[PDB]
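Analysis of the macromolecular model
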Number of protein chains: 2
Amino acid sequence: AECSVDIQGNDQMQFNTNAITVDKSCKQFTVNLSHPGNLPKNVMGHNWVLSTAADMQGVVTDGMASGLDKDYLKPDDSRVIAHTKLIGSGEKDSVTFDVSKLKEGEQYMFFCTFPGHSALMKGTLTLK
Amino acid sequence: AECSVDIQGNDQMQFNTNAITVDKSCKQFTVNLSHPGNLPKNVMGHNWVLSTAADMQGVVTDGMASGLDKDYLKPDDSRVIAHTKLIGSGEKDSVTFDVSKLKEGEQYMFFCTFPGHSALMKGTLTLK
Ligand SMILES: [Cu+2]
Ligand SMILES: [Cu+2]
Ligand SMILES: [Cu+2]
Ligand SMILES: [Cu+2]
């Protein structure tokens, strides 16, 4: 299956998907984020962030406290495996990461860290 | 010859090379950019961008006008064949692209689109 996935974060606080699967044979994997709608990022900014399932909460709460100027992400957060930047409607961003960062059996989660968004905009990433 | 090259963009506005040659037999090619020095990206950020020689100017000027928040690159610029992100000193990024995107005889150029950098930080990429 393709070594990349196109994700949309819309004005209704939704990702167009809640489960991503990464093909074990890909040397790399790329996420392409877009923002259909009209709301600017200071009001409806969306990012795509990846961590183990266990680290999600801490990344989300430290991220909230970091501010908009930081893309609601804690600088040098060691729990973040890969991330795009905070995007506003009509904008785009992509992130590529080595498939060797993921492990079999481990449970990953992708999510948005804009305040209050993680509750709806979140999902699983599994290596298969 | 190797299917990858390590490039350095330093605080003096220089690439450690002005000519790259891509081995026709490689299925893919990877550029590894680094930034020796101390200047942050908002002051001395460097990226590695590839286009035909004819498209370089337009990519550079539209890039400038896009801003720092966009890595001084026009969103969805169709003229861009491959690119890394804008990097600051002590940082790193890599880009891999299919060697099949390049054509024999065509003339490519790699360059930095941080304002005013393309004048010094530029070079040729040829498929051989
Ligand atoms: Cu596949
Ligand atoms: Cu969001
Ligand atoms: Cu070779
Ligand atoms: Cu530069």
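Rules used in this analysis
Residues numbered from 1 in each chain as written, not as in the entry; some residues may be left out. Chains lettered and ligands numbered in written order. Heavy atoms only, no water. UniProt positions renumbered as here; feature names shortened; annotations may be inferred. Donors = N, O, S within 2.8 Å, 3.2 Å for Na, K, Ca; no water. Helix = DSSP H or I, 4+ residues; strand = E, 2+ residues; numbered from the N terminus. Buried < 20%, exposed > 50% of the residue type's maximum accessible area, 1.4 Å probe, protein only. Pairing = 2+ DSSP bridges. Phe/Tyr/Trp six-rings, centres within 6.5 Å; stacked < 30°, edge-to-face > 60°. Disulfide = S-S within 2.5 Å.

As documented in the archive entry, the model was determined using X-ray crystallography at 2.3 Å resolution.

You'll find chain A entered in the PDB entry as AZURIN, with Pseudomonas aeruginosa given as the organism. For this entry, the PDB title field holds "STRUCTURE OF RUTHENIUM-MODIFIED PSEUDOMONAS AERUGINOSA AZURIN". UniProt's Function comment on chain A is quoted here verbatim: "Transfers electrons from cytochrome c551 to cytochrome oxidase."

Before going further, it helps to examine the coordination of the copper ion (ligand 3). Around the copper ion (ligand 3), the protein supplies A1(B) (N), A1(B) (O) and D23(B) (OD) as donor atoms, at distances of 1.8 to 2.4 Å. Residue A1(B) is located in the segment before strand 1 (4-8), and its partner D23(B) is located in the loop between strand 2 (19-22) and strand 3 (28-34); the two are separated by 22 residues in the primary sequence.

Attention now goes to the pairing of strand 8 (residues 122-127) of chain A. Residue and element names in this part refer to chain A. In strand 8, alternate side chains face the same way, and those of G123, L125 and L127 are buried while those of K122, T124 and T126 on the opposite face are not. Of the strand pairs in this sheet, strand 7 (residues 108-111) and strand 8 are connected by four bridges, and their pairing is antiparallel. When the sheet's bridge partners are listed, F111 is paired in strand 8 with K122.

Right, let's get into the packing of aromatic side chains. Residue and element names in this part refer to chain A. If you walk through the whole model with that rule in mind, you get 10 aromatic pairs over all chains. Look at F15 and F110: their rings are 5.5 Å apart centre to centre, the planes differ by 65°, and that puts the pair in the edge-to-face class. Linking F15 in the loop between strand 1 (4-8) and strand 2 (19-22) with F110 in strand 7, this pair joins segments that are 95 residues apart in sequence. Of the two residues, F15 and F110, neither departs from the other in class, the shared state being buried.

What follows covers the state of the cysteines. Residue and element names in this part refer to chain A. A full pass over the atoms with the stated rule returns two disulfides over all chains. Disulfide pairing is shown between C3 and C26; the S-S distance is 2.0 Å. Classification of the bridge connecting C3 and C26 rests on its S-S torsion, roughly -90°, and on that basis the disulfide is left-handed. With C3 in the segment before strand 1 and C26 in the loop between strand 2 and strand 3 (28-34), this pair connects stretches of sequence that are 23 residues apart.

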